[PDB]
Structures are given as C-alpha cells and as structure tokens.
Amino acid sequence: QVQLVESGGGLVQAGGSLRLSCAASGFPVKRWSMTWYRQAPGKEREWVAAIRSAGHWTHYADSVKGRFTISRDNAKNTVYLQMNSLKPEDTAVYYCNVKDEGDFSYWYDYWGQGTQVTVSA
C-alpha cells in the first residue's frame, strides 16, 4: 500500500558529508511521522533523526546532534537526512520508517530496504 525507497548511501571519508533521501510512494495519510534508523554490524538498530508531516519539530539522537539535519519535501513525497562531518562510527545500513499518526491506523507502518553508508577512517 505504501513503498519507501532510500538512496544517497555509499563510501565516504571521515569528516565528509552525505545526504540520504527516502522517497515515499502509494496512498498518503494526512498526518505521518518519518524516522531514520541505522544498524551497524553486530549491534542493534537505533533511531537517528525524526520529523513530522508539518511543523518545525525535529529530533536528533545524542550521537548525531549538531551533525545531522532532517528535512521534508511533500511535493515529491521525499524526506532528506543531511549528514555533515561523518565519523567512522556512522558506518551502518540506514533505514527510514514512516508511520501514520492518525487514530485507528495501527498497521500503517512502512520501512525502506536500506542503503549502505560506509565511512573510512
């Protein structure tokens, strides 16, 4: 019913920057949230940054504050994650997750396939 596609990953040096994109396809809902996750090799997945469908609210994990910036683009059904000053610890497969914030919409929960991000030391 809803497809999410992530892009923008690859290999980059330490201190570089990268921008990922989560393009959404399917049938929209009026109120949603989008969250970026990442899963380094052997560790549990952890949320990174979060944004809603409208408003100025953003949220960044302690480890990425000041370095990551999350932004919206509804005219294209896409949400961006700008990654500046990358450290080798940021190496992971990054996933975006979109959730319906409306009531009685418990099973409207979609994830991308993931995009690899590797940061060389």
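Residue numbers here begin at 1 and follow the sequence given.
- Between 82-90 and 27-35, it is 82-90 that carries the larger average Cα temperature factor according to the deposited entry.
- The stretch 60-68 shows the higher mean C-alpha B-factor when 47-55 is compared against 60-68 in the entry.
- Remark: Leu18 belongs to the highest third of its chain, ranked by C-alpha B-factor as recorded.
- Sort the modelled residues of the chain by CA B factor and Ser7 lands in the lowest third.
- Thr118: CA B factor lies in the highest third for its chain, per the PDB record.
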